[PDB]
Structure formats: C-alpha cells, structure tokens
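Here is the structure we will look at.
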Amino acid sequence: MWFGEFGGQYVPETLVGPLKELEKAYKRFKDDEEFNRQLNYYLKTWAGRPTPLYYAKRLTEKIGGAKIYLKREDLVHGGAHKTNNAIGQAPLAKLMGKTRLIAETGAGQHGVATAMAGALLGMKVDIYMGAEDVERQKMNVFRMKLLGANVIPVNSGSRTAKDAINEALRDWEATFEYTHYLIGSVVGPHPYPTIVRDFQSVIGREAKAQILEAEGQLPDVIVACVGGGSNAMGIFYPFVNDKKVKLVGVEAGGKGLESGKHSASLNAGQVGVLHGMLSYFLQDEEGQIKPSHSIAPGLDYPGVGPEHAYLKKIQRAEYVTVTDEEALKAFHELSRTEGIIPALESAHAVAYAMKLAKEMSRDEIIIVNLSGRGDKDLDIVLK
Amino acid sequence: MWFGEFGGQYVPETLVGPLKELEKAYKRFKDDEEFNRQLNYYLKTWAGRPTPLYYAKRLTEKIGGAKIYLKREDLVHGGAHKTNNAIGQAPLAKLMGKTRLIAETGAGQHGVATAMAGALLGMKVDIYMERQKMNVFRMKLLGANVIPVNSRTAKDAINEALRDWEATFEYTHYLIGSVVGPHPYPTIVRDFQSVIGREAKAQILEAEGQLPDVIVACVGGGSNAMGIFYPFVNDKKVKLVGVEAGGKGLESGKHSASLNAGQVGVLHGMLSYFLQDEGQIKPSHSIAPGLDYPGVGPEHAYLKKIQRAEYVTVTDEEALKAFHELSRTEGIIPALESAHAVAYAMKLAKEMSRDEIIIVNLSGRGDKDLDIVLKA
Ligand SMILES: CC/C=C(/N=C/c1c(COP(=O)(O)O)cnc(C)c1O)C(=O)O
Ligand code: NA
Ligand code: NA
Ligand code: NA
C-alpha cells in the first residue's frame, strides 16, 4: 500500500471492499500459471511482444557521446505501452466476474488500449474523457468508437484528465459489482500503483535481456518520460536493485518551470492527496489542485505515481524536466535521423537523452524508453 | 524475366542499362552473407520482425467454421508490410553507389516506407504522388520531399518517377513499391516480402502442427499477397486466394479488379492485366487507396493462368463491414486494403469445417483510414 510516505487508499468507505477484492484476486492470479500463460499469449500474438531494442546509430554518432538505445514500445499493438497494462487487467476483471470496463483517458491511448482489450474479451467499455481533451483528441475518440466503446465527455471542473478520473471514481462507486475500473497509470488507490507497475515491468525485463545481448553489460542510464509514471516504472523496476544503473524520469517542462505552465509534479509540486493516493501534485497557493499543461497530452496529469515520489525521496531515481520546444525538436530529430516518428510524450525522454549523451563518453550506454508512436500527434506538431 | 508469358522488360532502350545493372547487383547481393545480416538486423531491431500470427478466436467462433488466423503485418514499423520492401531495396541502392531514392505512392504507406528507409540510411528521398493526407505530412517529417503532380492521378506517379529515373539513374535508385514494373522489380519486391510467408509457415506449424488450408490476401499490385503466398506455392494442398477491390460493384465499372475484369496488355514495362476501355488504360477506384491501381503484378497473372491461385473480389461496402467487424470483435483496426481480405475470409470460413485453417494477411493497420471510414 505504501512506498515510504506515499500511496495509501484515500477513497470513500464504499470502495474499501472493492479494493480489497481486487487485491485478493490479484494476489491469487499474479503467480497463477494459467493466468500468466494467457497473459503472455495475448502479449505475444495480439500485442506483438517482445518489442525490439534499437540502436539509434546515426543519432549517437551525430551527438558524438554515449550510445543511445531505444526500447521500441511504439511498436506495441495500439502504438503505446498502455496496451501491456490494459490486457493485464481486462482478463483479471473477467475472472472476477466483471462484464464492463471503465477508464479515464487524456491522450486517448489508454482509452484506446482499454477499448481494444474490451473488444477482444467481449466486454462493455465506457471511457471517461475531459471535454477539452475530447475536442483535442478527436481521432483517438474515433478509434475508441470504432472499437465498440462509448466515450463519455466530462463537463465537470476543468474538463480534463483529472476530471475524467473523478467521474470514473464516481461511476465505479455505483457500479463496482459488475464494472472494473481499469486505471491506466501507476496512480490511484492501492493496489493500482503496484498492479500497473507489475504489468509494465515486462518492458524493463525485455530491455535488460536485450541490452545484455547487444553490449554484454547493463546500461549506465535509463531515461523515460513521466506523466503518471507507468512507462517509466515498467522500464525502471527490473533495474532498481542494479545499483550502478542510473534511472532518470523526464517530466513535462511545458513553456518553462518559471512559466507556471508545465506538468512537473515531482520537480515543482508538493505533497497532497488526490484520486486515492498521497503523492506529489501541482497545487495552488491556497491549497487546491493546479491546472497542468504540456504539448504532449499524455503528460498533462497534475500528479505522479507514489512509487516515483518514493524513488525520488531515497534518491534512487533522478527526475528532470524538458520543455515543449525541446520535445518538439526531439520529435523532428528522431524522425529525420532514425526514421522513427515518436509520441510527443516519448520525445521528452529522447530530448533529455540527447543532452546527457553529449556530456557522457563514447563507451557509455543509455536506454531511452520510446513509449509510443507519433501518429496521434501530427496535427499538434503542425502547430 | 517472365512468369509464363507475363512480366518481361518492355522499356525504352535508355532504361535497359540501368535495369541490367540492378539485376546484376541484386544477383551479387541477394544471398550475400553481410547484406542479409544488415537487412535482418534492421528488420528485427528497427522494423520489429517477426510479426505475430494471431488466432482470431471470437471472430472464428461467431462465424462457426474454419479457424481464422491473422498474419499481423499491421504491427510492422510504419503500420504496413510496405516497410519490408523499402528496407530491402534501400541498402541495395546504397551498395550500388546511389545517394538518392525516388518512388511513387498510392495510399502513402510506400511513400512513407520509402521515406523511413531513406531517413534510416541517410539517403535523399523524393516522392511522387489529400485522401491519405496524414501520410503526406509523415513523409515531410521524415525528411523526404513530396512532389505533387500536375491527369494529376496516382498512376501518373509511376509515370513521373520513370521520367526522373532516366536522367538520374547514375546516383538515383527508383524504389518501386509493389510486384510490378519491368524485370527485375516484380522478383525483387516479392523476394523482400517473402519474409511474411516464411514467418507464417513456421508460426502456423508451431501453433497447429500443420500447413493452412487457405491463405487469403488482398491484391492491389500484389506484393503483400506474393509475400505470404510464395513460400507456400510448392505446398500443393495450401489453397491461395487473392482478393481484389470490387469497388462499387463489378457491374458499376468503378473497381480495381485487374485480374478479374481487366485485359492483358503492356504498361510500366510489364506484360500483365490492366483495366481497359478501345484497349486503352482505364481509371480504377477503391475506397481502399492502396488497391486503387488499374494494373496488377505479372506473377499473379501467371498464378491465375496455371490456376495455382484463385482471385476473387470484395466490394467497398463488404470491406467496410469487415473493418468494423474486426475492430469490434478482435480489437484490431485493420487497413481498408487488409479489410478486403478479412471480408472474403469471413464468407469462406462459413463454408469450411471447424478443423480447417485460414491465414489472412493483415497487411496494415487502419489508422490511416479513419477519416474515410468516418465519412462512410
Ligand atoms: C493520464 C492520461 C495519460 C495517457 N497517456 C499517457 C502516456 C504517457 C505518460 O503516461 P505514463 O507512462 O503512465 O507516465 C507516455 N507515453 C504515452 C504514449 C502515453 O499515452 C492516456 O490517457 O492515453
Ligand atoms: Na514483434
Ligand atoms: Na504529472
Ligand atoms: Na489492381
């Protein structure tokens, strides 16, 4: 439940039972051979795992420092790492006797991923999405619609991802008997931060095996963008006990940290409680939650997962920020240099890795988690 | 050179030298250990091969007949099989001493695939080709120059690229995107797509312990279909079925079913089937932009004539139903081209027994087609 001070289960009493039953079922199935055979079978044949580890040779030699490798989550079915978690939880929900999935989404990749999983398993899917995000993400909304899910626009509060979560939590309170709330990042009340991390850890486990094959040694740094923190935990987690492996999380610096228009919860936020968890949140002078921003819509969440708050506290992971302008510059750089169009979220990690590689030596190694493909962001990059 | 009477090399004398040098370079490098090492390394780490073979269980059980398996080329980097060919040809060109790739594009997936390969290999890329306007900006982002043409039609891309290549062949490779054009292009593209069928054979043997009863693939120019077909051609019991674009109906005249309703003739350096009016080349149509080409590859013309493969058609409407069906039933949004294959596999599956096995080549993902499906 806790990662030092952070985490917990800050929910109305009515959700304590449901959360206890999710925890029981997860403990019962996480190590069950059939559940794992089925999960791995879906990951292989449907999602297309393992994803490759790619050496960005031209980008490395152009910068002239450390080797930059890219963990290719952009090649997962759906175009993002979110699928790994969606197909982990959705069959668990089925085993618990649930017939409906609900979820929040901001960039729409988790919403799409939840819809894909629901379609495959034949479950009802309702996706809560902030009205401002629905207009912003018309295409992923259509993907969700074509996959048989209903997208419910949220007109509460600030009409974005935090508001979608509040509506989903409200729905789940009234529908938990037959509905699973498929949370899409390492956030929410226990056990969700742990469950989502566990279903994303496959990324790090593959990357470890793959870098050992390519180089014979663990990397010097792993770099991942951080919204709520699931792609980063996924690649970080299997290296946590490899002490010499540096872990860097990249948050959205937006228009700048001094601009007040960013999404860097760990960097500039303060401790608070929201959506069932005690963690870092961007909050105003008075004490309520602050409006976040990023050019990358998947980084627009004003909080971060408790496990990252923890890793930051014990100084196991370093957390940095990169701006809209730097992320956009990385999006173009990778596209022309390596022929890979990254998600704007992932471009933040690419951007920081480019800075760090220059400062590092030629025989050192960085793995960048390329969390998704950029197809969804073409209209945004045009601007 | 030929596949039966079909194929060949009917071009101006000025292209005979360039094509001859391409043949020789391809012969030199096709089975070169190092060339294949590079190619396989890029196909693995960059393109994400192998792609999985997926058992569409919900779809299979709903229809109530043969097992439907999908070869997931939708998961290849770029979202389509066209990548397999682009990444095969581009290093060949570089080895030959070229610094520049040119290409045609219909649905933009080849245009993008070429741009992607060119970016990867640090080669200049100029492409000839609104309906797939997301792919047009993808190309720009990838560092390619798009040359819009002024017929102003997609077949005029294949026309314009040849004109350019006549002048620039000393340092320019014309990267053809399907199993079409003068020898050796239909062979080269087929060879580079055959990795699809080599994977599928090993995967279906792993999964079912036997070869499939039918392989179904959509057919535009015919490359994804040749890719999956070719390794099974010598397996007699495996039926091979190509699905052409039926458009608004065969009786409407607005289709791209070259093999089904076209006439034999010469175009773009090859003898094959084309849609013709007076014997003159005729415009095609399909809701699936990748199938919207009046001609077809000579190896399919050959396969049809010897009856090794059967060629059928699926209408725009049928393709649209299959698009929605696969999305809703299996959580896979297929390319509209690929949706023709799914639509035919669904009819065929119904007739067949529960023990029988169909592999559908899912040639692409449908992210490119969302606007088109929206308007419909
Ligand atoms: C809070 C909503 C976040 C979403 N996506 C976040 C995201 C992120 C950031 O999410 P995390 O990995 O959990 O830090 C990174 N990469 C891609 C491709 C993403 O889509 C979504 O709704 O789709
Ligand atoms: Na793969
Ligand atoms: Na955040
Ligand atoms: Na045709």
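Note on naming: chains are A, B, ... as they come in the structure tokens, residues start from 1 per chain, ligands start from 1 in the order shown.
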
Around ligand 4, which protein and nucleic acid residues have at least one atom no more than 8 Å from it, if we count only C-alpha atoms and all ligand atoms? List them as a PyMOL selection string.
chain B and resi 219-221+244-245+256-259+274-275+284+291-296

Residues within 7 Å of ligand 3 should be enumerated using only C-alpha atoms and all ligand atoms and returned as a ChimeraX atom specification.
/A:226-228,251,263-265,299-304

Close residues to ligand 2 using only C-alpha atoms and all ligand atoms, limit 6 Å, as number ranges by chain:
A: 48-51; B: 48-51

In Å to one decimal, how far is CA of residue 105 (chain A) from CA of residue 20 (chain A)?
24.4 Å

What's around region 150-155 of chain B at 7 Å? Count only C-alpha atoms, leave out sequence neighbours fewer than 4 positions away in its own chain, and write the answer as a PyMOL selection string.
chain B and resi 106+129+159+293

Applying 8 Å and only C-alpha atoms, which residues near residue 295 (chain A) remain after dropping the ones on its own chain fewer than 4 positions away? List them as a ChimeraX atom specification.
/A:254,324,344,380

Close residues to ligand 1 using only C-alpha atoms and all ligand atoms, limit 8 Å, as number ranges by chain
A: 74, 79-82, 104-112, 161-162, 184-186, 225-233, 297-301, 304, 343-346, 370-373

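Between CA of residue 260 (chain A) and CA of residue 322 (chain A) the interatomic distance comes to 14.1 Å.
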
Please identify every residue of chain B that has at least one atom no farther than 8 Å from an atom of chain A, counting only C-alpha atoms, and for each give the shortest atom pair and the distance in Å to one decimal, arranged by chain then increasing number, as a tab-separated table.
residue	atom	partner	partner_atom	distance
B:44	CA	A:52	CA	6.9
B:45	CA	A:54	CA	4.9
B:46	CA	A:54	CA	6.0
B:48	CA	A:52	CA	5.9
B:51	CA	A:48	CA	6.5
B:52	CA	A:45	CA	5.0
B:53	CA	A:45	CA	5.9
B:54	CA	A:45	CA	5.0
B:55	CA	A:45	CA	7.7
B:58	CA	A:120	CA	7.5
B:75	CA	A:77	CA	6.3
B:76	CA	A:75	CA	7.3
B:77	CA	A:75	CA	6.3
B:115	CA	A:339	CA	7.5
B:116	CA	A:339	CA	4.5
B:117	CA	A:339	CA	6.7
B:118	CA	A:339	CA	7.7
B:119	CA	A:339	CA	5.0
B:120	CA	A:338	CA	4.8
B:122	CA	A:337	CA	7.4
B:134	CA	A:378	CA	7.4
B:137	CA	A:378	CA	7.6
B:138	CA	A:378	CA	7.7
B:141	CA	A:335	CA	6.2
B:142	CA	A:336	CA	4.7
B:143	CA	A:336	CA	5.2
B:324	CA	A:146	CA	6.4
B:327	CA	A:147	CA	5.0
B:328	CA	A:147	CA	4.8
B:329	CA	A:119	CA	5.6
B:330	CA	A:120	CA	4.3
B:331	CA	A:116	CA	4.2
B:332	CA	A:116	CA	7.0
B:333	CA	A:147	CA	7.5
B:370	CA	A:142	CA	7.5

From the DSSP assignment of the backbone, select every residue of region 46-90 of chain B that is strand (DSSP E), and format the answer as number ranges by chain.
B: 53-55, 67-72

Keeping N, CA, C and O atoms for every residue in the selection just given, could you write it to a file as a compact mmCIF listing (two decimals), in the first residue's frame?
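Ended up saving to selection.txt:
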# COMPACT_ATOMS: atom_id res chain seq x y z
N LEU B 53 1.54 -14.24 -35.51
CA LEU B 53 0.40 -14.86 -36.14
C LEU B 53 -0.67 -15.00 -35.07
O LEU B 53 -0.46 -15.67 -34.06
N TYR B 54 -1.82 -14.38 -35.30
CA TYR B 54 -2.85 -14.23 -34.28
C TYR B 54 -4.08 -15.07 -34.59
O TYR B 54 -4.63 -14.98 -35.68
N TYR B 55 -4.53 -15.86 -33.62
CA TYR B 55 -5.75 -16.65 -33.76
C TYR B 55 -6.93 -15.79 -33.38
O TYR B 55 -7.09 -15.42 -32.21
N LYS B 67 -10.92 -22.00 -38.65
CA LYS B 67 -10.12 -21.15 -37.77
C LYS B 67 -9.53 -20.03 -38.60
O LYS B 67 -8.96 -20.27 -39.68
N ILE B 68 -9.70 -18.80 -38.12
CA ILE B 68 -9.18 -17.63 -38.80
C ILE B 68 -7.97 -17.15 -38.02
O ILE B 68 -8.08 -16.79 -36.85
N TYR B 69 -6.83 -17.17 -38.69
CA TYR B 69 -5.59 -16.66 -38.16
C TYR B 69 -5.25 -15.40 -38.96
O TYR B 69 -5.56 -15.32 -40.14
N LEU B 70 -4.62 -14.42 -38.30
CA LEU B 70 -4.23 -13.17 -38.96
C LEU B 70 -2.71 -12.97 -38.85
O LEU B 70 -2.16 -12.97 -37.74
N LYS B 71 -2.04 -12.82 -39.99
CA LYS B 71 -0.61 -12.52 -40.00
C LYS B 71 -0.47 -11.02 -39.81
O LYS B 71 -0.91 -10.23 -40.66
N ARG B 72 0.11 -10.61 -38.69
CA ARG B 72 -0.04 -9.25 -38.21
C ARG B 72 0.97 -8.23 -38.78
O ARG B 72 1.74 -7.62 -38.03

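For the pair CA of residue 6 (chain B) and CA of residue 299 (chain B), the separation is 7.3 Å.
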
Can you check which residues of region 11-86 of chain A DSSP gives as helix (DSSP H, G or I) on the backbone and send them as number ranges by chain?
A: 13-29, 33-45, 57-63, 73-75, 82-86

Write to file, as a CSV table (one decimal), in the first residue's frame, the residues of the selection just made, with N, CA and C atoms.
chain,number,residue,atom,x,y,z
A,13,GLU,N,-15.4,5.0,2.1
A,13,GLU,CA,-15.5,3.7,2.7
A,13,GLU,C,-16.2,2.7,1.7
A,14,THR,N,-17.1,3.1,0.9
A,14,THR,CA,-17.8,2.3,-0.1
A,14,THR,C,-16.8,1.6,-1.1
A,15,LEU,N,-15.6,2.1,-1.3
A,15,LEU,CA,-14.7,1.5,-2.2
A,15,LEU,C,-13.7,0.6,-1.5
A,16,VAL,N,-13.7,0.5,-0.2
A,16,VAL,CA,-12.7,-0.3,0.5
A,16,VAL,C,-12.9,-1.8,0.2
A,17,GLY,N,-14.2,-2.2,0.2
A,17,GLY,CA,-14.5,-3.6,-0.1
A,17,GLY,C,-14.0,-4.0,-1.5
A,18,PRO,N,-14.4,-3.3,-2.6
A,18,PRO,CA,-14.0,-3.5,-3.9
A,18,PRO,C,-12.5,-3.5,-4.1
A,19,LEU,N,-11.8,-2.6,-3.4
A,19,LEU,CA,-10.3,-2.5,-3.5
A,19,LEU,C,-9.7,-3.8,-2.8
A,20,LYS,N,-10.4,-4.2,-1.7
A,20,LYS,CA,-9.9,-5.5,-1.0
A,20,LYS,C,-10.1,-6.7,-1.9
A,21,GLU,N,-11.2,-6.8,-2.7
A,21,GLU,CA,-11.4,-7.9,-3.6
A,21,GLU,C,-10.5,-7.9,-4.8
A,22,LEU,N,-10.2,-6.7,-5.3
A,22,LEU,CA,-9.2,-6.6,-6.4
A,22,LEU,C,-7.8,-7.1,-5.9
A,23,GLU,N,-7.5,-6.7,-4.6
A,23,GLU,CA,-6.2,-7.1,-4.0
A,23,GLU,C,-6.1,-8.6,-3.8
A,24,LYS,N,-7.2,-9.2,-3.4
A,24,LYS,CA,-7.3,-10.7,-3.2
A,24,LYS,C,-7.2,-11.4,-4.5
A,25,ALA,N,-8.0,-11.0,-5.5
A,25,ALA,CA,-7.9,-11.6,-6.9
A,25,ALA,C,-6.5,-11.5,-7.5
A,26,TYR,N,-5.9,-10.3,-7.4
A,26,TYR,CA,-4.6,-10.1,-7.9
A,26,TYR,C,-3.5,-10.9,-7.3
A,27,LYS,N,-3.5,-11.0,-6.0
A,27,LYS,CA,-2.6,-12.0,-5.3
A,27,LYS,C,-2.9,-13.4,-5.7
A,28,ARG,N,-4.1,-13.8,-5.9
A,28,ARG,CA,-4.5,-15.1,-6.3
A,28,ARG,C,-4.0,-15.5,-7.7
A,29,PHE,N,-4.1,-14.5,-8.6
A,29,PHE,CA,-3.8,-14.7,-10.1
A,29,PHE,C,-2.4,-14.3,-10.6
A,33,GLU,N,-0.3,-20.0,-13.0
A,33,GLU,CA,0.3,-20.4,-14.3
A,33,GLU,C,-0.6,-20.2,-15.5
A,34,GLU,N,-1.9,-20.5,-15.4
A,34,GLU,CA,-2.9,-20.3,-16.5
A,34,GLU,C,-3.1,-18.8,-16.8
A,35,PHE,N,-3.3,-17.9,-15.8
A,35,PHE,CA,-3.4,-16.5,-15.9
A,35,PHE,C,-2.2,-15.9,-16.7
A,36,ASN,N,-1.0,-16.4,-16.3
A,36,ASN,CA,0.2,-15.9,-16.9
A,36,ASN,C,0.4,-16.5,-18.3
A,37,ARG,N,0.0,-17.7,-18.6
A,37,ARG,CA,0.1,-18.3,-19.9
A,37,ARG,C,-0.8,-17.5,-20.9
A,38,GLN,N,-2.1,-17.2,-20.4
A,38,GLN,CA,-3.0,-16.4,-21.2
A,38,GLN,C,-2.5,-15.0,-21.4
A,39,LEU,N,-2.0,-14.4,-20.4
A,39,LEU,CA,-1.5,-13.0,-20.5
A,39,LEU,C,-0.3,-13.0,-21.5
A,40,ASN,N,0.6,-13.9,-21.3
A,40,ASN,CA,1.8,-13.9,-22.2
A,40,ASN,C,1.4,-14.3,-23.7
A,41,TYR,N,0.4,-15.1,-23.8
A,41,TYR,CA,-0.1,-15.4,-25.1
A,41,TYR,C,-0.8,-14.2,-25.9
A,42,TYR,N,-1.5,-13.4,-25.1
A,42,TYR,CA,-2.1,-12.2,-25.6
A,42,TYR,C,-1.0,-11.2,-26.0
A,43,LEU,N,0.0,-11.1,-25.1
A,43,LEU,CA,1.1,-10.2,-25.3
A,43,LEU,C,1.9,-10.5,-26.5
A,44,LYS,N,2.1,-11.8,-26.8
A,44,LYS,CA,2.9,-12.3,-27.9
A,44,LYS,C,2.1,-12.1,-29.2
A,45,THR,N,0.9,-12.8,-29.3
A,45,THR,CA,0.2,-13.0,-30.6
A,45,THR,C,-0.7,-11.8,-30.9
A,57,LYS,N,22.0,4.6,-34.2
A,57,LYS,CA,23.4,4.8,-34.5
A,57,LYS,C,23.7,6.1,-35.1
A,58,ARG,N,22.9,6.6,-36.0
A,58,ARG,CA,23.1,7.9,-36.6
A,58,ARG,C,23.0,9.0,-35.5
A,59,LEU,N,22.0,8.9,-34.7
A,59,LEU,CA,21.8,9.9,-33.6
A,59,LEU,C,22.9,9.9,-32.6
A,60,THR,N,23.4,8.7,-32.3
A,60,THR,CA,24.6,8.6,-31.4
A,60,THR,C,25.8,9.2,-32.0
A,61,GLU,N,26.1,8.9,-33.2
A,61,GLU,CA,27.3,9.4,-33.9
A,61,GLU,C,27.3,10.9,-34.2
A,62,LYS,N,26.0,11.4,-34.4
A,62,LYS,CA,25.8,12.9,-34.6
A,62,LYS,C,26.1,13.7,-33.3
A,63,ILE,N,25.6,13.2,-32.2
A,63,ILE,CA,25.8,13.8,-30.9
A,63,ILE,C,27.3,13.6,-30.5
A,73,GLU,N,8.6,0.6,-27.6
A,73,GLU,CA,7.1,0.4,-27.2
A,73,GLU,C,6.2,1.0,-28.2
A,74,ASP,N,6.7,1.9,-29.0
A,74,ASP,CA,5.9,2.4,-30.1
A,74,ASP,C,5.4,1.4,-31.1
A,75,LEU,N,6.0,0.2,-31.1
A,75,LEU,CA,5.6,-1.0,-31.9
A,75,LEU,C,4.6,-1.9,-31.3
A,82,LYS,N,0.7,1.4,-23.1
A,82,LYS,CA,-0.6,1.3,-22.4
A,82,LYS,C,-1.3,0.0,-22.6
A,83,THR,N,-1.1,-0.6,-23.7
A,83,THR,CA,-1.7,-1.9,-24.0
A,83,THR,C,-1.2,-3.0,-23.0
A,84,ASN,N,0.0,-2.9,-22.5
A,84,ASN,CA,0.6,-4.0,-21.7
A,84,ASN,C,-0.3,-4.1,-20.4
A,85,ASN,N,-0.7,-3.0,-19.9
A,85,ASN,CA,-1.5,-2.9,-18.7
A,85,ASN,C,-2.9,-3.2,-19.0
A,86,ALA,N,-3.5,-2.7,-20.1
A,86,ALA,CA,-4.9,-3.0,-20.4
A,86,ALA,C,-5.2,-4.5,-20.5
